[PDB]
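**Student:** A structural model of the following input is requested.
(4 chains)
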Amino acid sequence: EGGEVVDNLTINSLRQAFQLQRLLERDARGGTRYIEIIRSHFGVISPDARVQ
Amino acid sequence: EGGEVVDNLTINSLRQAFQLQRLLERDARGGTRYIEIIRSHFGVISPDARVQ
Amino acid sequence: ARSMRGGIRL
Amino acid sequence: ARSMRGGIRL
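**Tutor:** Residues are numbered from 1 along each chain as shown, chains lettered A, B, ... in the order given. Let me share the structure:
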């Protein structure tokens, strides 16, 4: 008694785990202020004034 | 007993009362959202985006 | 389209 | 002056 049961890995679960890791690595490398997120995850240079 | 005592009117007090009334009339006529204040009391057209 | 009296309302 | 690693610090 008292084990942990985990299901079979789908390839869809496995590729989602890879793309989630890419997202968290982009957040570490790029920064996590809302302007840094926009500039790292998208091509966009937001003005500072409009983001307070 | 029980009157109200008021000092002699200086011309400086009197002109300050006139310019205060002009300010409150500009506020009524122009509006009082912060963008309306800027546009009515100064020549400035602020973007909406930078004032939230 | 100009600066209206009583502040902006569209 | 470009996008630094670890987010912006001047």
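
**Student:** does the residue of chain C found nearest chain D sit in a helix, a strand or a coil?
**Tutor:** Here chain C gets closest to chain D at one residue, residue C:8, 35.7 Å apart by Cβ to the nearest Cβ. Heads up, the C-betas are built off the backbone N, CA and C, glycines and all. Classification of residue C:8 using DSSP: H, G, I helix; E, B strand; the rest coil returns coil.

**Student:** Now do the same contact list for the closest residue to residue C:7 other than its chain neighbours.
**Tutor:** Using Cβ to Cβ, 6 or more residues apart in numbering or on different chains and skipping residues adjacent in sequence, the residue nearest residue C:7 is residue B:31, 2.2 Å away. When contacts are counted by Cβ atoms under 8 Å, 6 or more residues apart in numbering or on different chains, residue B:31 touches B:37, B:40, C:6, C:7, C:8.

**Student:** Report whether the host helix or strand of residue A:23 contacts chain D.
**Tutor:** Of the helices and strands defined by DSSP states H and E, residue A:23 is found in helix A:11-30. Yes - counting by Cβ under 8 Å from any Cβ of the partner chain, chain D has neighbours in helix A:11-30: A:28, A:29, A:30.

**Student:** Just name whatever secondary elements the helix or strand following that helix is in contact with.
**Tutor:** Counting by DSSP H and E, the element after helix A:11-30 in chain order, helix or strand, is helix A:34-41. In terms of contacts (3 or more Cβ pairs under 8 Å, 6 or more residues apart in numbering or on different chains; DSSP states H and E), helix A:34-41 is packed against helix A:11-30.
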